[PDB]
Structures are given as C-alpha cells and as structure tokens.
Amino acid sequence: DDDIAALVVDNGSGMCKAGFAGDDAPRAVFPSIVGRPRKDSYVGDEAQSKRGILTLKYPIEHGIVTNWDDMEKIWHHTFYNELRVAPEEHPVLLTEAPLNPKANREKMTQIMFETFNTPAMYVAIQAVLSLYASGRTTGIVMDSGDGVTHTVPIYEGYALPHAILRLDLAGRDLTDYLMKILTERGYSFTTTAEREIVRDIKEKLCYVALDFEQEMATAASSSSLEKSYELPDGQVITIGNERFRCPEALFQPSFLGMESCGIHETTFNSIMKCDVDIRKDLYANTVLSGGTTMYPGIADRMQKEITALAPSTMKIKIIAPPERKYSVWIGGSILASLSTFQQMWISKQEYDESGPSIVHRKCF
Amino acid sequence: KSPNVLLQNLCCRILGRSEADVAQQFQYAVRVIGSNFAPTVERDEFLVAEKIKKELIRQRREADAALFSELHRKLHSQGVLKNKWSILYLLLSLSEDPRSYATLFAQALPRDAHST
Amino acid sequence: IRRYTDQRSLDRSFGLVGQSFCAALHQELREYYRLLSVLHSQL
Amino acid sequence: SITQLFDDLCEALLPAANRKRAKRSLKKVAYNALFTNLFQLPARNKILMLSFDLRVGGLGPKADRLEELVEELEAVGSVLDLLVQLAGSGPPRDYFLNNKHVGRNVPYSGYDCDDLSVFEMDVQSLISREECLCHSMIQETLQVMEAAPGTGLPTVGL
Amino acid sequence: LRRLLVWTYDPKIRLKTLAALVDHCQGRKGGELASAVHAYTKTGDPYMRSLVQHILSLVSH
Amino acid sequence: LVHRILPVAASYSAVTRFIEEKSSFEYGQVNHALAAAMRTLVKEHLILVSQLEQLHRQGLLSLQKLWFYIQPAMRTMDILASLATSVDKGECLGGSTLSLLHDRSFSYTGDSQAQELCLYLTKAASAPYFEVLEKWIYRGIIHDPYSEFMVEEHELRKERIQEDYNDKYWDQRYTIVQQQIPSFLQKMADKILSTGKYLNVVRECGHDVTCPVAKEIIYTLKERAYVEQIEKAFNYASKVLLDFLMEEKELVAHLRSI
Amino acid sequence: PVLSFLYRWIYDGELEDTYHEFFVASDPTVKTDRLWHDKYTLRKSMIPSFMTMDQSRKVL
Amino acid sequence: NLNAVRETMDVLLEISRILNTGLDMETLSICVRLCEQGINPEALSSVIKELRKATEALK
C-alpha cells in the first residue's frame, strides 16, 4: 500500500466479524457463542462444533452486555487464537452496540487496551458507522440484528441517544415464536441442535410476501405454496402459509399476545424527535440494512413503510446496495481506510494522559 | 455580468415569478437573443441621435429635443462608457407616445459592403 | 503494387470485392506518398 | 456496493498496456475526499445557459439539438449538475449551406457575401490540418538528428 | 483568389437567365408578357425555377 | 509525374462541356437538373485551386504535395465524367438517364463513397420527374412540359372521336412506354398507368379528384417509400371509382334490364 | 460487400450480376412450384473461408 | 419503466458526448447510479477531477 495496514474487528450481537479494511466481504466470520458445558478455554469454531451438550450464549443480547467475563473472554480469544497477529502492526476499530452506557465504553476501552492489546483504538456506535459507508453523513438507519433492533437517527455524524428507540423484536423473537407455535400446534422441536436447524430453515428458505391476506386465501383453497427441503439430518419441515405470516408479528404484537410498539410506529416516534428542517434531508437518503436480508422480501415491506411514513409530496430516493448482510462490516471497512480519521482516532498516549473516560470525550 | 444568466435577471425583473414557474418564455428568449446578440450592423450614435431628434420633434416638444442635446453632451463629458450607441438605440427602440414610412429614413449598413 | 492497383482501377469487370481491395490499396499508397513529400522539402 | 463504486470509477479511468498498488491507494483518496465535502434554480436552466454560449459562438442548430434533447430528458436532474462541471474540462459534408440548385421548394435570399469569405476558411482549415501534420513529421526527427550517444537510449545502459 | 473564380461562379447563371428574358421579351405588353414568364416557370433546374418563382409573383401583381 | 496527374483533369474537361450543354432546354427536363446538381462539386474544385495557389506563395506547396492532395477528386470526378460521356454518347433522356444513375448507385456499395455521390445526385436530379409523378398519381391531370415520361398522352375524347370509335381507352389512349421507366418503378409500372387512368374518368363526373393523400414523392434506396406511396394512392383511386360506379348509374339495374 | 450481398440472401430479393462473386448461382426458367427443391446451386468457389459450410448452407 | 430508463440513458449519453466529456458509457452509468442513491454531486465532482489528474502520473 502506502501506509500501515488497518484492522476492523467488531464483535456484533450474533457474530464476530474481522478483517482488513478495504474488502467488500469480511476476511473472517465467527460465531459469538461462548463455551461452557451444559469448551471452557476454547471459544468460537470449537465451541459451536461441540454444541449439544454445551450452552449457547451471547455476551450481548439486548444491545447492552449481560456478562462482562464472556465479552472480555471472546475478545481476548479473538485476538489470540482466531487471528494470531502482532498488535503494533494492526490498529483496530471496535464497535459497541448503540445505546451503551458510558461505563460500558470505559469497560470496553480498558479491556481493549489491556487484555486485547492495541496501539491506538476507537470505539463507535454501530449504525452510525454503517451509515458512513452509505456515502453520506445524514440519514436514518433501521438496523435489525439477531439480538435487538433499533432505529438510529444520525445527522452530521452524530446520533442523539434520546431519539434512538430500542425495540426488542428481532430474529431471536422470530425463532422463539416459531418454536412456540409449532410446539403448541404439536411438533417435536426437541433438542438445541434441531432448534438450530429449524432456525436455519426459517432463515434461508422462507417465502415472505407483502400481502398476507390474498396469499392466505389462495393457500387455504389449494395448498401448493410449499417447497420441501430434506437435510442430512433427515427432517422435512415446510408449510407455505405459515412462513410469510410468522414475521408479521413485527407489525402485529397481538399475533403472540403482546402489547407493544410496532416497527412503523417506532420509526414514526423516532422521526418526531428529529427536527423538521433536517427531516427532508434525512428522507432524501434512506438505507436498507440489517442481517435479515438472508431472504429479501422483508426489505420491500420496509421500503413501503418508509414511503408511507413521511407525507408523499416528494418521491422516495432510496439507497439499495446489492448486499446488506455485511452492513456493519462495510461500515467500519470504509472508516479505517480513511487517513484523515487518524486525527480523530485516539492513541495510547492520549488515553494515558487524560484518563480512560476520554474515549467518551473524543468520540463525537 | 455573464450574458447567459443576465437574461434571467431581466426575466425575473419584469415578472417577479421564479425561473421555475415558467421555462418556455425563458427558453424562447435564449432562442431569440442568441444568434442576434453580437452586432452584424455598423454602429452609429450619430444617426441614432439624428432620429432621436426626429422622434422628439414628432411629439412637438422642441425644448426637450434641446434637452436631450445637453444630456448627450454630459454623456461624452464623463467618458465611462464604450458603447454609447447601444443603449440610446435601445431606448429609442422602446419609444412610446405619452400623448407612415421608415425605409425612406436612414438606417445603418447591414455589412453588405464590409465583411472581414 | 502501383502497377497492380493501377490496372484494376480501370478494370471494371474485376467485381465489387476486387474494386474494394483496390480501393484500400489506393489509401495505403497515399500514406506511402506522404513520406517522400516531406523528404522533398528537406532535399 | 458503494465501497466498490468508487473503486470501479478508479479502474475504468486508469488505462494499461508500479500501477498495481495505485488503484487500492486511490480509492483511499476517493473516500478521503468524499468526507471533506460532507463535513463542511432548476437543473435544466444550467443546460440552457451553456446552449446560449454555443449560440454566441455561431453553431445554432447544435444548440437547438442540445435543447430538443433536454426537453425529452425531463422525463437524472442530479446527474446534470455534475455534468455541467465536466462540460468545460476536457481530455488533458453538408451541401445545404450555400446551394439552391436542389429541391423545388428552396429559399430565395440571393447572395450572402458576409460569410462566403469564411466559406473559404472552411477550406483553409482542411489544408491547415494536412500542413500541421507535415510539421509534426519534420520536428520528431529533427529532435533525433541533433542528439548524443545513449542520452535517451538505455541500450548503452546494459 | 486565382482572379476570384469563387466569387464569379455565383454569377454567370443568374446573369445568363436574366439576359435571356430581356432578349426573349422584346416588345410584348399585357398578358402576352405573363405568357412569356409562365413558360419559364416550368424549367427543371431548381435554381432557375426558384428565380422565376419570385419574378412571376412580382409581374402578376 | 505530370502524366500521373492528368486523369483528374481529364475527368474535369469532359464534365464542364456537359454541364453547359445539357442544361439547355432541348435536353429533356431531367438532364437539366442532373447537370445543375454537378455545379455544387465544381465550386469545391475551384476553391481547391485557389487555396493551393495561396499556399504556393510561401513555398509550402510543390508538385509532390499537390499530387498527394488531389487523390479524392481523381476518383470522385471520374464517376461523373463517365456518366457525362455516356449520356452524351447516347440519347439518354427522361427515364433512361435516371436508369443509368440507378445502376451506378449499386455498382459500388463496398466502398460507400462512389455510392454517396450518386445517392445524393439521384435525389437532386429526379425533382422534375417526381413532379410529373406528383400529378399523374394524385390527380387525373398531367402536364409534362417535356413529354419523355413513361406515361404518354394521346387525345381520343374529341368532337369526332366517339365511344365506339375509341372503344376501350385503357391501352389505347393513355399508353405506357417501356424504356422511359427509370428502372425502379418497373415493379409498379402497370399500376402507374392504371392509377391516373382511373382518376380522369372520375374528373368527368365530379368537380375534382379531392384527394386526401397528397404526399411528396422522394428518392430512397434499400426500402423504398416511393412504393408504399403508390400503393396507397392506387387503393384510393379504385375505391372512389368503384363507389361512383356502383352508386351512380349502377350496374345492377342496367344488367337486370338486359 | 459479401455481407451486403448476404442482406439480399437473408431477406427477399436477388443479387444479379455477371461478376459472380457470391455462392448463389441462380437457375432461370424454373419458377413452376419446384423452386423449393432447386433454383439455387451452391457455388463453392465464392464461399468465404470465415464462413463454415454450416454457415454457407443454412443461409440458402 | 425499464424501456423509458433505457431511452433516458441513451439521450444522456448523447448530450455528454457532443459536449466532449472525458467520461465514457460505463462511468456515466456509475455516476448516474451514485446520484440515484442520493449521494451529493458536489463531492463526486472532486473525485473525478482529482482521479483524472492523478492517474496520468502513474502511466
């Protein structure tokens, strides 16, 4: 190149993504599973392989850390076994979840400087870092992950946390609710492995439609909507009518029995807390993001809701990348490539001279 | 100024309506003034003065025909303008009565005896 | 080559393909005459 | 995706026959200048303003071609504001002008004799192309006739 | 300009045709003259046709 | 070297006589406009000689440079010179002189310079011909100041010429010439006579032909518009004549009485 | 020009010359209804070498 | 839409070719898509102009 190489390692909420900044795809995708018997010093590929008598746990699930030992441990074993590189030749951009406390930022930076060992560091809010890859510094990001989902409004490179609305409904609630309805109707879901496999089936094959009612009536008069998949496991679970209406609980809390805010109302309440002069400027760049693009078709519903959200006397102008599975990755990958970003990136010496809390101060 | 936007300044002068409220009149003016912007005629503020007299005599105010003769003296007394023909010929073009024939009256050369 | 393309220029029973080959040969010999033209002034 | 759209911009505008590290370093400059700007009257009117400057320099039907094409181009407005900035920077016959012996419905205006002397400059341009070529054959060899052994030749460098 | 052969080629055809009408008509007066211009309006050359196309409009006023 | 340059002067010396002589009245009506369209290419030939002499003053022109320059004219004028000598040698007027150009316009297509000169010359020269074609086809009147058209007129509706003294006027009164077809209306030659035959026996009844079609005939090559044009007019004339025949003085009643 | 002849042998029409630079060698006086058999002999000598036999026979 | 967007791309190719822009077909389609996302044109005008100087010092 012309300068010292970059590194981006973000421990997300269902996965750890690593690699060198300057690639469209991450170099390495790992699980964020933490091993404990239901290994104990080996985490990642080995813990996911010995799963079945080993618990599945993520160190962050609500967008705030539930157990600090697990995060510090997966972070240290990320640096020691998964990559095995020299720290002084790889500055790392870390990304914590949005709406993390200031003490969490202090905890992340002490841990990144001591157990993880980096020569200069930066920790950022997630969806903002993703939007900086979308070629603008203004916009609204609806980020939907494994653990939670949240609409981050971001104007001029900065998210006000008062207008970031956290919503529980995510892929975990979708899988949990699938398990609940199949086992309530009568189906053996039994073990944690079969749980993971049926989650794989929902993630990959599922047909998601924009109209439920017409497709429901056609499937109820003559069912042919199915498409069978028989794995090396041997299980055959498919039904066409349930798989498009199972994620409808995102805008319909009464499908479980829940009383909650829906997704359109969440983004409505979020846009209410942004100023109306920047509402147009933000509305001129609406992004599609989130790992739920493993099957596209929820994204069409998402863009219909953002068209209906603001008043239509101006046409939607939507930034739709060819892939948004790696949205958080391509987010940090643009940032660590920048050379002017080294002046807003904090060193070890500034971290030592002005306390550990200056990572909350330097980070805008 | 730059001559392209300077037309739009006139178009926004007469009607105060925006340059996004109408675009055909403005297009019609970029049609008409371009290829008729640079002169293809030989200039004469002399000949135009001698018909400005003939216009103000036609309104039968002889003192004002002598008032223009002094204002024209002032115009040369300063010497801050190069093309003194054009604006007077313009204001002559927009003449109007506050209260025949012209091809037998002098007009300038259309460059049919001079070409470069 | 000058000989060859000169007899086929006034040979019009040489057909529509041969009179295209010869039309190309005209243009190549034009470029061959360009050089001697520059050399003549230098003489 | 957008991290590739500046890189594909970087490849197409780079020709070929170092320059293998430079592409990857120039997409870095592409992002480094994207966020220098972001930190710190219709669209068709600018096209009308450039067509006017065509008409002042002659070439009327060309300006009329520009405008008949932007009237159908109204059916992109964020592309033209970029297009007008690269319309000034560049890279680093017809027989019906003066003929009346064709047609049956053909104008009568008589003579012109106001640009018929600039109808002979029409021929002066053609002869001025084929005389500037013979000036660019005599110089590229007169730079060779006066030279010295192995000053531009690396064959002495062996 | 090689004795201005360029500028002398626009005449010597417009001039020639109008040297004929003033020979061909040598004393006709009345509608016998508008029969002597209406026989030049069916000449196959579009130069000469367009030139007598305006002469006939003038004389028939 | 001065022998090598003479063909372009030879292909000029045999055209200027042609342009002067065959634009006189006696040579047809199309032989006029043919020579009149070769005047545009002589203007260029004049400005060449002048511009060359103006380069000669500073000594930046010589024989070899000029020999290098005169190469496009040596071909382009040679085409028109052969055309001029061939029309002069024979009696090519009307359709025959418009057939020759239609032959040269195919004899070169693989170069497409020796096509373009002829393809322009054809549109230019056939203005008077298509103006005869603009009368016979859309009206039941034809004029032809110089009768050398493919249709030829005779007058056999007269004071002493009777309905059984001319019998049937189709192939007798209005007749078609075989060699004055310009060899691209040959495909429609029968129709070209019959269209204008139909139109005049409608002029006898009604006030005028009253045509809605009225389109200008232009030259094309390779997909002809001047065939589709003839087809539309040939439909309208027969429609009007048939409508008139079965409505007024109807042949149902006249045969029923027989 | 060969591919120009081939535009009158991918559409209706017929090249006529005595220069014979095209593989079609037409046969007069047979237009009865049997010309879907034989009206067009395939002259091999005017077939170009950038056209295969498969190319110079399907066009027939 | 697709035929109309093909036609509007073609007309957009013609008016940038007679204005003699250094760009080509592919980079036009790239720039058109970048403005179709909502990216500021004022920033793309810098990167094209600095690339088109900086790529020649390499060759």
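Residues numbered from 1 in each chain as written, not as in the entry; some residues may be left out. Chains lettered and ligands numbered in written order. Part of a larger assembly, values for the part shown. Heavy atoms only, no water.

- Chain D goes by Gamma-tubulin complex component 6 in the PDB entry, where it is assigned to Homo sapiens.

- If you open the UniProt record of chain A and go to Sequence similarities (unreviewed entry), you find "Belongs to the actin family." (UniProt positions renumbered as here; feature names shortened; annotations may be inferred.)

Focus on the pattern of salt bridges
Any two side chains of opposite charge can pair, given that their charged atoms come close.
Residues and elements named next belong to chain A.
Phase 1 of the analysis: This structure, assessed with the given rule, holds 40 salt bridges over all chains.
Phase 2 of the analysis: A salt bridge links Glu46 to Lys50, with the nearest nitrogen and oxygen atoms 2.7 Å apart.
Phase 3 of the analysis: Here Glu350 and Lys362 are joined by a salt bridge, their closest N and O atoms 3.3 Å apart. In this pair, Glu350 sits in helix α13 (residues 348–353) while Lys362 sits in helix α14 (residues 358–362), placing the two residues twelve residues apart along the sequence.
Phase 4 of the analysis: On the basis of relative accessible area, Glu350 is assigned to the partly exposed category, the value being 26%.
Phase 5 of the analysis: Taking the relative accessible area as the measure of exposure, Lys362 reaches 26% and is therefore partly exposed.
Phase 6 of the analysis: Where salt bridges share partners, they join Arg36, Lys57 and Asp70 into one cluster. (Salt bridge = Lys/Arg side-chain N within 4 Å of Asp/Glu carboxyl O. Helix = DSSP H or I, 4+ residues; strand = E, 2+ residues; numbered from the N terminus. Buried < 20%, exposed > 50% of the residue type's maximum accessible area, 1.4 Å probe, protein only.)

Focus: the domain arrangement of chain A
All names here are of chain A.
Phase 1 of the analysis: Along its sequence, chain A is carved into domain 1 (5–126 + 328–364), domain 2 (127–168 + 262–327) and domain 3 (169–260).
Phase 2 of the analysis: The C-alpha centroid of domain 3 is placed 33 Å from the C-alpha centroid of domain 1.
Phase 3 of the analysis: Listed as interface residues are five residues of domain 1 and, on the opposing side, five residues of domain 3.
Phase 4 of the analysis: Buried area between domain 1 and domain 3, both sides added, is near 450 Å², and the carbon and sulfur share of it is 31%. (Domains from an automatic or database assignment. Contact = heavy atoms within 4.5 Å. Buried area = accessible area lost by both parts, 1.4 Å probe.)

Some details on the pairing of strand β6 (residues 138–144) of chain A
Residues and elements named next belong to chain A.
Phase 1 of the analysis: Here β6 lies mainly inside the structure; six of its seven residues are buried.
Phase 2 of the analysis: Note: β6 against strand β7 (residues 149–155), seven bridges, orientation antiparallel. Paired with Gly139 across the strands is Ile154, a residue of β7.
Phase 3 of the analysis: In textbook terms, the turn of a hairpin is the stretch between consecutive antiparallel strands, and for β6 and β7 this stretch comprises four residues. (Pairing = 2+ DSSP bridges.)

Regarding the interface of chain D and chain H
Phase 1 of the analysis: Counting residues at the interface gives 38 residues for chain D, matched by 37 residues for chain H.
Phase 2 of the analysis: When chain D packs against chain H, close to 3600 Å² is buried across both sides, 77% of that on carbon and sulfur atoms.
Phase 3 of the analysis: Three residues stand out in chain D for area buried against chain H, namely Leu13, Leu82 and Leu86 of chain D, and they jointly supply 18% of the buried area on that side.
Phase 4 of the analysis: Here chain D and chain H share zero salt bridges between them.
Phase 5 of the analysis: The interface formed by chain D and chain H includes four residue pairs in polar contact.
Phase 6 of the analysis: When residues in the side of chain D that touches chain H are grouped by element, the largest group, eight residues, is from helix α2 (residues 22–39) of chain D.
Phase 7 of the analysis: Class assignment of the residues belonging to the side of chain D that touches chain H gives a composition of 28 nonpolar, four polar and six charged. (Polar contact = N/O pair within 3.5 Å; in protein donor to acceptor, adjacent residues only side chain to side chain. Nonpolar A, V, L, I, M, F, W, Y, C, P; charged D, E, K, R; others polar.)

Section: the arrangement of the chains
Phase 1 of the analysis: Among eleven pairs of chains with at least one contact, chains D and H form the most extensive contact set.
Phase 2 of the analysis: The smallest C-alpha distance separating chain G from chain H is 28 Å, and no contact links them.

Here we look at a nonpolar patch on the surface
Residue and element names in this part refer to chain B.
Phase 1 of the analysis: Taken together, the side chains of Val80, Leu81, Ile87, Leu90, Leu91 and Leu94 present a nonpolar region at the surface, about 650 Å² in accessible area.
Phase 2 of the analysis: If you trace the backbone, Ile87 turns up in helix α5 (residues 84–93).
Phase 3 of the analysis: Its relative accessible area of 40% is what places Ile87 among the partly exposed residues. (Patch = residues over 30% accessible without salt bridge, like charges linked within 9 Å, V, L, I, M, F, W, Y side chains within 5 Å. Areas by Shrake-Rupley, 256 points an atom, 1.4 Å probe, with all protein chains shown as cover.)

Side note on the packing of helix α5 (residues 71–89) of chain F against helix α7 (residues 116–125) of chain F
Residues and elements named next belong to chain F.
Phase 1 of the analysis: Orientation of α5 relative to α7, taken along the N-to-C sense of each, is 50°, at an axis distance of 10 Å. One way to sum up the angle between α5 and α7 is to call them oblique. Side by side, α5 and α7 meet where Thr76, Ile79, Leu80 and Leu83 of the first sit next to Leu117, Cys118 and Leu121 of the second. (Axes fitted to C-alpha atoms, helices over the stretch in contact; angles between N-to-C directions. Parallel < 35°, antiparallel > 145°, perpendicular 65-115°, else oblique.)

Regarding a negative patch on the surface
Phase 1 of the analysis: A contiguous patch of negative charge, built from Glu68 and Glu72 of chain D together with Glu7 and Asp10 of chain H, is present on the exposed surface.
Phase 2 of the analysis: Looking at the negative patch, the elements that each hand over two or more residues are α4 (60–72) of chain D together with α1 (2–17) of chain H.
Phase 3 of the analysis: Assignment of secondary structure puts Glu68 of chain D in helix α4.
Phase 4 of the analysis: Looking at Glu68 of chain D, the relative accessible area reads 49%, which means it is partly exposed. (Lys, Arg positive; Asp, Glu negative; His and termini not counted. Charge placed at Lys NZ, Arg CZ, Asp CG, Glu CD.)

With respect to the side chain of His264 of chain A
Phase 1 of the analysis: The residue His264 of chain A is located in helix α9 (residues 263–272) in this model.
Phase 2 of the analysis: Those residues in contact with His264 of chain A, other than ones at most four positions away along the chain, are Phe251, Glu305, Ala308 and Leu309 of chain A.

Some thoughts on the side chain of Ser194 of chain F
Phase 1 of the analysis: Note on placement: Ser194 of chain F falls in helix α9 (residues 189–203).
Phase 2 of the analysis: The class of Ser194 of chain F is buried, set by a relative accessible area of 4%.

Considering helix α3 (residues 41–54) of chain H
Phase 1 of the analysis: In this model α3 of chain H runs 20 Å from its N-terminal to its C-terminal C-alpha over 14 residues, within 8% of the 20 Å that 1.5 Å per residue would give.
Phase 2 of the analysis: Buried residues along α3 of chain H sit against α1 (2–12), α2 and α5 (77–83) of chain D together with α2 (25–37) of chain H.
Phase 3 of the analysis: Sitting at the head of α3 of chain H, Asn40 of chain H places a side-chain oxygen 3.0 Å from the backbone nitrogen of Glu42 of chain H. (Expected span 1.5 Å × (residues − 1).)

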